[PDB]
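S.K.: Here it is, the structure, as structure tokens.
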Amino acid sequence: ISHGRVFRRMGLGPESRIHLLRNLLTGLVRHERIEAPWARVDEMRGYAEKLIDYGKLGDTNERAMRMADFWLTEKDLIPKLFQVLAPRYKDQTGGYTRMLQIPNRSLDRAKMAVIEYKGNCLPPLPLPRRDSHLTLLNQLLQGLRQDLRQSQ
Amino acid sequence: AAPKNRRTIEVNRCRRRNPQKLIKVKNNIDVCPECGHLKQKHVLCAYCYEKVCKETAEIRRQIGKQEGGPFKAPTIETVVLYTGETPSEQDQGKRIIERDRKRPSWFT
Amino acid sequence: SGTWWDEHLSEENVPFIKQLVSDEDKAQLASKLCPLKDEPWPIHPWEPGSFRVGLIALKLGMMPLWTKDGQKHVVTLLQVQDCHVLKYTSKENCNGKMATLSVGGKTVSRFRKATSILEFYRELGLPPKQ
Amino acid sequence: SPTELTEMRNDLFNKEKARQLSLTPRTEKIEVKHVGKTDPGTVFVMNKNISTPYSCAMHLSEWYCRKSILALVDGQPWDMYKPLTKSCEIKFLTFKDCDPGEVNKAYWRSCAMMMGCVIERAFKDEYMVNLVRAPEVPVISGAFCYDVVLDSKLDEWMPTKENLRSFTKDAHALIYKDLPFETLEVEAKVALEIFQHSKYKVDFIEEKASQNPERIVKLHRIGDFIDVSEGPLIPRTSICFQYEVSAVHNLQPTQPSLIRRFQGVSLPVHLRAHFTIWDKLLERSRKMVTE
Amino acid sequence: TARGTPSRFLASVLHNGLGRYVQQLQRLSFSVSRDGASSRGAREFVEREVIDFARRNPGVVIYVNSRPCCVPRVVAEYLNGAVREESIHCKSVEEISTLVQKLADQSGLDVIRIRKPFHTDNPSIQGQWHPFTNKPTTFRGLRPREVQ
Amino acid sequence: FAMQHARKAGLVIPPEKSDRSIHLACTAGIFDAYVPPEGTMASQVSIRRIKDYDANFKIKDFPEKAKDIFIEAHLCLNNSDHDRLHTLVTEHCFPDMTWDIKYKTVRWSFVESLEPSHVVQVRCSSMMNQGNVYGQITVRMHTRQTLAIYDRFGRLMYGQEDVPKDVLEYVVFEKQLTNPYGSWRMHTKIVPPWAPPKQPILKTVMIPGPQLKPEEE
Amino acid sequence: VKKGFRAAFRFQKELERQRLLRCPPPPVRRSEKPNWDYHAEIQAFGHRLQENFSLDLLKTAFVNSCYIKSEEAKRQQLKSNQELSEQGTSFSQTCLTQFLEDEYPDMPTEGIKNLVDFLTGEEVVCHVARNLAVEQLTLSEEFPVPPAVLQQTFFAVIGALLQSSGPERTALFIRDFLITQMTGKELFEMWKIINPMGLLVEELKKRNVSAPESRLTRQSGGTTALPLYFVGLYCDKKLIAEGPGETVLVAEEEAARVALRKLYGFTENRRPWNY
Amino acid sequence: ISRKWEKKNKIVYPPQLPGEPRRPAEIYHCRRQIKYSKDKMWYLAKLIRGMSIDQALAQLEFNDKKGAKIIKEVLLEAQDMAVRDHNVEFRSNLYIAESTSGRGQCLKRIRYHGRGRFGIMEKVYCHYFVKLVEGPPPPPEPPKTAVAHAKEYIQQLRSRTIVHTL
RNA sequence: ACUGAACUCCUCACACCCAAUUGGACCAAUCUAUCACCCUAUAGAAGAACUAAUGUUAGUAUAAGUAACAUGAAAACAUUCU
Ligand SMILES: [Mg+2]
Ligand SMILES: [Mg+2]
Ligand SMILES: [Mg+2]
Ligand SMILES: [Mg+2]
Ligand SMILES: [Mg+2]
Ligand SMILES: [Mg+2]
Ligand SMILES: [Mg+2]
Ligand SMILES: [Mg+2]
Ligand SMILES: [Mg+2]
Ligand SMILES: [Mg+2]
Ligand SMILES: [Mg+2]
Ligand SMILES: [Mg+2]
Ligand SMILES: [Mg+2]
Ligand SMILES: [Zn+2]
């Protein structure tokens, strides 16, 4: 039984899942977009956010240096991280990524999701846009909101 | 273990036609406004998503043939440029990549 | 078809709805704080064999306690947020051995309920209770 | 009799539409170009006065047949059941759009006409009704209104809560009946012949004919009932999911003629409401519309 | 068998017994062969007995084809349109006579299980039984334990 | 793509070598198109060749038999008498006439002829047609008929059986001279552009637009 | 393969039978179906129905106008049965009335003529005549023959029998057949009525008696879903009829029906018809 | 082998009169030898029967099974066929009358079990049949209500009678 | 005093209730002889009749869509990573 377990069993072991998510990290951080199964991406999101928050400190911190050295196997995306991504999110404190489900994979009919860091360069996704304000109900909302503001 | 009497057609039929064995119709579909196709509400438009993926694929091809080999990832921001465009003062220092096509109105 | 409210409106109006509903709930609670200004039912003193209505609480956790003898006693905490009364019945209507009352627990979203239940809660005056 | 008068109005409107589509030629053909981000480039061969944008959407897909409310003809709204008379460009409109204001106005008009019809069919057969029109109001008005004048014996009387509930359940029964909006384009003199009795509708038709250079007017019928509307309207009543009357108010020039105005509110299927927001929308629509 | 076979209640056509009786045999159609050892009985029957049978029964009509047939048949059409055919293949003259006579005496309707051996279209005299026939009434028609 | 797929699959084949030849009864296409107006010696030599190959031949009687063949071919279409329809119609004229009418019946009656059918021109074929020859005649015909087409389910697609409509055409007949058994048979139609369009169909129609392969344009 | 063809023959017979059951062709006339001799059929029909009269009149009654019309039409590409049918239906109505008011003097002209119109109705006469095997005898243009046409032919046969044999013989014929056909179907099953309580009121007011009152004689399950009332119609402290019913209204109208039957003499317990 | 389903469309009804009910155009179409199983193709079929073409296409597009795409392309083919060569006005005014699955000409192979024992694998192919009809779909019959229950019960009690007597 | 059977009576017709065994009257389909020719007759002959052999062959079911099987991750599908 499981009550309060936040992690999920993912591969042939803890080492398996961490190496798996580490490869997903090395893949994601350079393309600043990645498709993958929904569970893997859900786990990946937190690791990515914590990693960028840990790298905000800069390159002088040997802690962050060796941590990113572990978490990234290509060894070339660490400079990219420290000198691009931290400046990109210097103003941002949360919601660094966007994650959205997409149609299932071809063969295994698996549940898939795409994740990408906010403020990327490559084209955007067709995000779910909330209903327009010009609609009937939204305009009624604006109307009685104006009425309440007039009252008070 | 082993059976003892052949399951009749009536009971087999009841079992394999009971509603939970059946598929449940899903009332969670609507038309995508701009593409004109169907989509699950919480899921993205497959057509638009494939379009975007193909575009990103050719962009990746371009940046790869620019970098000319692995371990060439820069440490700066990058920007796309389409036909009929000039680099801006904002992206002066940012890397630039060229593409041979017209700017879509849905892309900025 | 089956839908929910959050989709068919705008993000500039969603916080408006949220804060407005919260303010309405707080106003209802503040209004029903004092039952003495409202008309109460007749009061009677305790008698032998009589009983008293219970209530509902919310378990927060556990903590220790110590006695004069130095002895330790674990003890649970039970928290009570709103715990309003909802309904009264006659022992005749109920046809049971004893009369019955109804008590609510925690206030929750007015959105995730049934229409008849929301009608009951409105005509009563209080928010919902899960 | 009022019933007989309604049946005669119906028969005359039927004769009029009959004359129209019998005068129009046979086997006529037109080519309409579909426009929009969805399925562009298509061109549809249609009849000149028997085809409709509903038949267009039926050629195209059932989704648009069920979801469409109006259509733009060369940048001009249209009644989904009104036949298009010439080759042109056509677009479909829905509530889920960037500028659904026109569909919204059409829904306002349709709800006003519905409330007028139900209140005029409800009352005592021995009492009289001399409705005037369905006024136009903005979307933020919070309620669709309908002006009327009544007998003088019951000027002091106002409709009670049970009367409101009866009107609302009547309207629910009508929308369950699901009658379409039989629309037509008729002449000024024809409209005067049909509504010669009520001076209010007479002078309203006269105002419309003065506004229109050629004096041609548009009529809309709900089964037995007919009324004039400025703009186009919705295809099928059943699109309105919830619908009711908020309150009634009565306007100061009452001596020469009483001025009551009923007021209601409603919302369609494509975007329904929750019980709570709906209740507060009701207690808003209970407000008196100053206009 | 009763549950496999259909059923009917006893009945007659157009109330044959009340008025003048009419034998509801209408038409006969014989298919017999010149040759054929099977049709010799039919040939004897048609040469001697059929004359007297037709003389006795004028209302019936008889048709004879006299064509090559490996099995001779006799078909009987009755008033209702009920057709029934039976093979007289290799049958003796006396049994052919009995067969045609039972055909003449039969009615125009299939033989099936008869649910009841009688039929009364107005069975009740003195009134059909209802629960209140054999019990009296009350003063002012008062139900039990009723004051007023 | 036939030869390319053949070579790529390996279905190499030799040319069909055989003394037999595929014999036909009607040349494809036409030799000379009488482009009508907006409303000669060559034909004389053609008629001379016709008479030479077939002495028993008259011109002024040709329009009568032509109209007869026309109306009887339409009656054969109504009755579905495909054998005699073939005997009286060429292999080029059978498909375009009998392909689309499948899965549906037809009604065609001849009311009268406003103008008498009139010969327009005559052409004769060169000897270099598989060692055979074929003669063509053109005839204008102006009459009044009715047409009514019921689909599979017996509902009219268009046309009305009661109301005739004036109609003008230029029909072309042709015959095989080399054999003696060949007879004149309908071959094709000219359908000139300047002529107006026929009556449309009562039903409305759409077309699918350019399907945008997942790339805007 | 198994040798022999007797079984294959039997199986072909079964296959064609199954095919007929699956897609049976439409019916046709026995006159054109084989084994038919017209004159002999007419003569045997006469002997069957126990009558002897002129074959020419028989044929003129059997023939119709539509058959003559189609015959002469196709001949391009004799005497109708109208007068005989008229005579027959006239005498039939007269004699049926005579017998009916002779058996039931209390029945009014309105109800008795409605009853006679029912007995002459196309449905009953056509059923009786199909059971009598006239349908194929009749010459018609359309098949199955129309019921009105068959009625005209039947009444023309009646008129022929009258003009040939005699009125008393026609009377025996029509009496037997029609009243035997009627035996089961009762009065209110043949003839319909509205406001039977009002009809009864008018009747016994004509008979000069007090206006009765309806009183529930017995009750059961009034509150139950299956209410049962026995309502008696009492005049001047005397009962004429009682009626059961789901509700009180049904009970009282049924009691009115019972009283009407008792007064007109068409009770189910009445004297049978004497033959 | 039997292929009557294709000939079912070859019929041609006679011409219809003006004053008579407009006949609703039917059409048949099938696919042959699909590598899929009956017990599940039948599930898809019963799903899509008794509904309209567009939401059928939608449900099959978004249902995650292999046979869904097959039925989808089959339905699109049936639609374009019916509009091109069966005199159908509106492509979207169609509904499924019945869609079914049938066994096909299958094949057998050998599955190797342990200890020298062997087993027969029969690869399974399914023919898929579908009938389309123009006009809107008929509504599903609602549940019989308390009034219907009471009415059938009382008419039963009225139809009953005494037994085994006059 | 009644109920209560295939006993008995009652209207009609009757060869129509035993294992192994014994005696008799018929007959399905087939070939031949001779008839007949929408499928039969009289004779002879015989590879002469299947609800059962852990029966043989072929097919299709139940068990069952169950047991069981498989593709390391990302991406320009070039490469990179574990
Ligand atoms: Mg695992
Ligand atoms: Mg006994
Ligand atoms: Mg005995
Ligand atoms: Mg015995
Ligand atoms: Mg024994
Ligand atoms: Mg035998
Ligand atoms: Mg033998
Ligand atoms: Mg043997
Ligand atoms: Mg066997
Ligand atoms: Mg065995
Ligand atoms: Mg599985
Ligand atoms: Mg199991
Ligand atoms: Mg498993
Ligand atoms: Zn899209």
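As shown in the structure tokens, the chain order sets the letters A, B, ...; within each chain, residues go from 1, and ligands are also counted from 1 in the order they appear.
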Do you know which residues are at most 10 Å from residue D:132 counting only C-alpha atoms (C1' of nucleotides), after dropping those on the same chain fewer than 6 positions away, and could you put them as a PDB file with N, CA, C and O atoms, in the first residue's frame?

M.R.:
```
ATOM      1  N   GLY D 116     -42.363  37.320 -25.178  1.00  0.00           N
ATOM      2  CA  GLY D 116     -43.561  37.991 -25.652  1.00  0.00           C
ATOM      3  C   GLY D 116     -44.634  37.008 -26.074  1.00  0.00           C
ATOM      4  O   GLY D 116     -45.801  37.131 -25.686  1.00  0.00           O
ATOM      5  N   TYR D 146     -39.225  43.290 -22.561  1.00  0.00           N
ATOM      6  CA  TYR D 146     -40.320  43.272 -23.526  1.00  0.00           C
ATOM      7  C   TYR D 146     -41.427  44.170 -23.000  1.00  0.00           C
ATOM      8  O   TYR D 146     -41.973  43.910 -21.922  1.00  0.00           O
ATOM      9  N   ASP D 147     -41.752  45.216 -23.751  1.00  0.00           N
ATOM     10  CA  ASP D 147     -42.729  46.205 -23.324  1.00  0.00           C
ATOM     11  C   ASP D 147     -44.131  45.788 -23.753  1.00  0.00           C
ATOM     12  O   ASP D 147     -44.315  45.067 -24.737  1.00  0.00           O
ATOM     13  N   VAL D 148     -45.125  46.255 -22.997  1.00  0.00           N
ATOM     14  CA  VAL D 148     -46.513  45.864 -23.209  1.00  0.00           C
ATOM     15  C   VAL D 148     -47.398  46.870 -22.488  1.00  0.00           C
ATOM     16  O   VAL D 148     -46.942  47.613 -21.614  1.00  0.00           O
ATOM     17  N   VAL D 149     -48.669  46.912 -22.877  1.00  0.00           N
ATOM     18  CA  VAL D 149     -49.677  47.734 -22.222  1.00  0.00           C
ATOM     19  C   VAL D 149     -50.888  46.863 -21.930  1.00  0.00           C
ATOM     20  O   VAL D 149     -51.244  45.988 -22.729  1.00  0.00           O
ATOM     21  N   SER D 198     -53.354  45.979 -34.035  1.00  0.00           N
ATOM     22  CA  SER D 198     -52.612  46.647 -32.970  1.00  0.00           C
ATOM     23  C   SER D 198     -51.890  47.862 -33.541  1.00  0.00           C
ATOM     24  O   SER D 198     -50.924  47.723 -34.300  1.00  0.00           O
ATOM     25  N   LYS D 199     -52.348  49.056 -33.159  1.00  0.00           N
ATOM     26  CA  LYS D 199     -51.734  50.280 -33.657  1.00  0.00           C
ATOM     27  C   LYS D 199     -50.249  50.331 -33.332  1.00  0.00           C
ATOM     28  O   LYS D 199     -49.472  50.945 -34.071  1.00  0.00           O
ATOM     29  N   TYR D 200     -49.836  49.693 -32.236  1.00  0.00           N
ATOM     30  CA  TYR D 200     -48.421  49.688 -31.880  1.00  0.00           C
ATOM     31  C   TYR D 200     -47.596  48.992 -32.952  1.00  0.00           C
ATOM     32  O   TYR D 200     -46.621  49.551 -33.465  1.00  0.00           O
ATOM     33  N   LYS D 201     -47.980  47.768 -33.317  1.00  0.00           N
ATOM     34  CA  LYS D 201     -47.260  47.078 -34.379  1.00  0.00           C
ATOM     35  C   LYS D 201     -47.440  47.784 -35.714  1.00  0.00           C
ATOM     36  O   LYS D 201     -46.526  47.774 -36.543  1.00  0.00           O
ATOM     37  N   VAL D 202     -48.595  48.413 -35.934  1.00  0.00           N
ATOM     38  CA  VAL D 202     -48.805  49.164 -37.170  1.00  0.00           C
ATOM     39  C   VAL D 202     -47.747  50.253 -37.309  1.00  0.00           C
ATOM     40  O   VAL D 202     -47.025  50.327 -38.311  1.00  0.00           O
ATOM     41  N   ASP D 203     -47.634  51.114 -36.297  1.00  0.00           N
ATOM     42  CA  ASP D 203     -46.698  52.226 -36.391  1.00  0.00           C
ATOM     43  C   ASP D 203     -45.255  51.762 -36.266  1.00  0.00           C
ATOM     44  O   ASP D 203     -44.357  52.436 -36.777  1.00  0.00           O
ATOM     45  N   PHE D 204     -45.012  50.601 -35.654  1.00  0.00           N
ATOM     46  CA  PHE D 204     -43.660  50.053 -35.661  1.00  0.00           C
ATOM     47  C   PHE D 204     -43.270  49.593 -37.059  1.00  0.00           C
ATOM     48  O   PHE D 204     -42.148  49.845 -37.515  1.00  0.00           O
ATOM     49  N   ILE D 259     -47.585  51.325 -19.193  1.00  0.00           N
ATOM     50  CA  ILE D 259     -46.344  50.818 -19.777  1.00  0.00           C
ATOM     51  C   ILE D 259     -45.779  49.802 -18.790  1.00  0.00           C
ATOM     52  O   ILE D 259     -45.016  50.150 -17.883  1.00  0.00           O
TER      53      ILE D 259
END
```

S.K.: Check every residue of chain F for an atom within 10 Å of chain H, counting only C-alpha atoms, and provide those that qualify as an NGL selection string.

M.R.: :F and (100 or 102-106 or 149-157 or 203-206)

S.K.: Quick one: residues within 7 Å of residue G:151, only C-alpha atoms (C1' of nucleotides) counted, chain neighbours fewer than 5 positions away excluded, as a list in words?

M.R.: residues 122, 125 and 126 of chain G

S.K.: Would you kindly return, as number ranges by chain, each protein, DNA or RNA residue with an atom no farther than 8 Å from any atom of stretch 26-32 of chain C, considering only C-alpha atoms (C1' of nucleotides) and excluding same-chain residues fewer than 2 positions away?

M.R.: C: 22-24, 34-35, 125-127

S.K.: For chain E, list the residues within 10 Å of chain G, counting only C-alpha atoms, and write the list as a PyMOL selection string.

M.R.: chain E and resi 13-30+57-65+78-81+108+120-127+130+132+137-138+140-143

S.K.: As a PyMOL selection string, please: every protein or nucleic acid residue near ligand 4 (cut-off 10 Å, counting only C-alpha atoms (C1' of nucleotides) and all ligand atoms).

M.R.: chain I and resi 13-16

S.K.: Report, in Å with one decimal, the straight-line distance from atom CA of residue H:82 to atom CA of residue H:27.

M.R.: 7.1 Å

S.K.: Counting only C-alpha atoms (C1' of nucleotides) and all ligand atoms, what residues are within 9 Å of ligand 8, given as a count of residues only?

M.R.: 3

S.K.: Identify every residue of chain D that has at least one atom within 8 Å of any atom of chain H, counting only C-alpha atoms, and report the result as a list in words.

M.R.: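 Per the criterion, chain D yields residues 55, 58, 59, 60, 61, 62 and 63 of chain D.
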
S.K.: Which residues of chain B come within 6 Å of chain D, and what is each one's closest atom pair and distance in Å (one decimal), counting only C-alpha atoms, sorted by chain and residue number, as CSV?

M.R.:
```
residue,atom,partner,partner_atom,distance
B:34,CA,D:37,CA,5.3
B:35,CA,D:38,CA,5.7
B:36,CA,D:38,CA,4.4
```

S.K.: Save the residues we just selected, N, CA, C and O atoms, as a PDB file, in the first residue's frame?

M.R.:
```pdb
ATOM      1  N   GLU B  34      -9.488  26.885 -35.373  1.00  0.00           N
ATOM      2  CA  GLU B  34      -8.686  27.393 -36.479  1.00  0.00           C
ATOM      3  C   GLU B  34      -8.345  26.306 -37.491  1.00  0.00           C
ATOM      4  O   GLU B  34      -8.365  26.557 -38.700  1.00  0.00           O
ATOM      5  N   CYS B  35      -8.031  25.097 -37.027  1.00  0.00           N
ATOM      6  CA  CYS B  35      -7.680  24.034 -37.961  1.00  0.00           C
ATOM      7  C   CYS B  35      -8.921  23.452 -38.623  1.00  0.00           C
ATOM      8  O   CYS B  35      -8.889  23.093 -39.805  1.00  0.00           O
ATOM      9  N   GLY B  36     -10.018  23.355 -37.879  1.00  0.00           N
ATOM     10  CA  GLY B  36     -11.244  22.795 -38.405  1.00  0.00           C
ATOM     11  C   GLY B  36     -11.397  21.307 -38.203  1.00  0.00           C
ATOM     12  O   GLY B  36     -12.208  20.685 -38.899  1.00  0.00           O
TER      13      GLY B  36
END
```

S.K.: Taking only C-alpha atoms (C1' of nucleotides) and all ligand atoms into account, report as a PyMOL selection string which residues have an atom no farther than 10 Å from an atom of ligand 3.

M.R.: chain I and resi 6-8

S.K.: 12 Å from ligand 14 is the threshold here; counting only C-alpha atoms (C1' of nucleotides) and all ligand atoms, which polymer residues fall inside it? Answer as a VMD selection string.

M.R.: (chain A and resid 125 to 128) or (chain B and resid 30 to 41 43 to 52 106) or (chain D and resid 37 to 39) or (chain F and resid 214)

S.K.: Fewer than 3 positions away in the same chain doesn't count, so skip those; otherwise give me all residues within 6 Å of stretch 134-143 of chain F, counting only C-alpha atoms (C1' of nucleotides), as a list in words.

M.R.: residues 113, 114, 115, 117, 118, 119, 120, 121, 122, 123, 124, 125, 166, 167, 168, 169, 170, 171, 172, 173, 174, 175, 176 and 177 of chain F

S.K.: Should the cut-off be 9 Å, what would the residue list for chain G against chain I look like, counting only C-alpha atoms (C1' of nucleotides), as a PDB file with N, CA and C atoms, in the first residue's frame?

M.R.:
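Listing of selection.pdb after writing:
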```pdb
ATOM      1  N   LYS G   3     -24.125 -41.129 -55.215  1.00  0.00           N
ATOM      2  CA  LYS G   3     -24.966 -41.429 -56.358  1.00  0.00           C
ATOM      3  C   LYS G   3     -26.447 -41.337 -55.979  1.00  0.00           C
ATOM      4  N   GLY G   4     -27.297 -41.371 -56.997  1.00  0.00           N
ATOM      5  CA  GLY G   4     -28.739 -41.282 -56.799  1.00  0.00           C
ATOM      6  C   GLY G   4     -29.249 -39.858 -56.897  1.00  0.00           C
ATOM      7  N   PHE G   5     -30.501 -39.729 -57.351  1.00  0.00           N
ATOM      8  CA  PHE G   5     -31.111 -38.419 -57.526  1.00  0.00           C
ATOM      9  C   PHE G   5     -32.499 -38.290 -56.920  1.00  0.00           C
ATOM     10  N   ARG G   6     -33.038 -39.345 -56.312  1.00  0.00           N
ATOM     11  CA  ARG G   6     -34.326 -39.225 -55.637  1.00  0.00           C
ATOM     12  C   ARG G   6     -34.240 -38.224 -54.492  1.00  0.00           C
ATOM     13  N   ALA G   7     -33.186 -38.331 -53.686  1.00  0.00           N
ATOM     14  CA  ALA G   7     -33.001 -37.397 -52.586  1.00  0.00           C
ATOM     15  C   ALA G   7     -32.752 -35.988 -53.097  1.00  0.00           C
ATOM     16  N   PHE G   9     -33.974 -34.733 -55.781  1.00  0.00           N
ATOM     17  CA  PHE G   9     -35.287 -34.246 -56.182  1.00  0.00           C
ATOM     18  C   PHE G   9     -36.081 -33.765 -54.973  1.00  0.00           C
ATOM     19  N   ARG G  10     -36.152 -34.599 -53.938  1.00  0.00           N
ATOM     20  CA  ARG G  10     -36.846 -34.207 -52.716  1.00  0.00           C
ATOM     21  C   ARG G  10     -36.281 -32.903 -52.161  1.00  0.00           C
TER      22      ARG G  10
END
```
